[PDB]
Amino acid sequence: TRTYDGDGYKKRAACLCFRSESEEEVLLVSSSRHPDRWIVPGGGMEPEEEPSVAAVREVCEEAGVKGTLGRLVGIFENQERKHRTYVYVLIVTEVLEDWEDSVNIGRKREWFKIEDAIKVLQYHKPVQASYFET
């Protein structure tokens, strides 16, 4: 069940899944629409779902990882696609082998140095590139 802010924007949450507290490498996942493209794992908040709970859930589902939830980076709107995404930092402590999207749609995951994550998101996901700006 998709959920929405009062202005009709889809509510979403995502994590910047860092390899360590140094925040030098981040985990991206393959796009479901176009698997040759990278995205920040994330998705829809469920009804009455806390943003930080949605964020942690979606990354488990999409990236097959778990860890220590960190700070909220900010809230990011995609005017074109009408969504508003809460973005949190998650320091990965568990990397799991056969996660929901690997099983169901063969979703891929890869570590990127931050500067490279920004590069591969720029073309199709400029708002997700902006998650890294601060």
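Heads up: residue numbers just count along the shown sequence, starting at 1.
Using only the Cα atoms and their B-factors as the entry lists them, report which of 95 to 103 and 49 to 57 averages higher. It is 95 to 103 that shows the higher mean C-alpha B-factor.
Selected stretch [higher average CA B-factor]: 36 to 44 or 104 to 112: So the stretch with the higher mean C-alpha B-factor is 104 to 112.
Pull the Cα B-factor of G67 out of the PDB entry and bin it into the chain's lowest, middle or highest third. Its C-alpha B-factor belongs to the middle third of this chain's values.
Considering every modelled residue of the chain and its Cα B-factor in the PDB entry, is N78 in the lowest, middle or highest third? Ranked within chain, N78 CA B lands in the lowest tercile.
Could you tell me which third, lowest, middle or highest, the C-alpha B-factor of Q128 occupies within its chain? Answer is lowest: the recorded C-alpha B-factor places it there.
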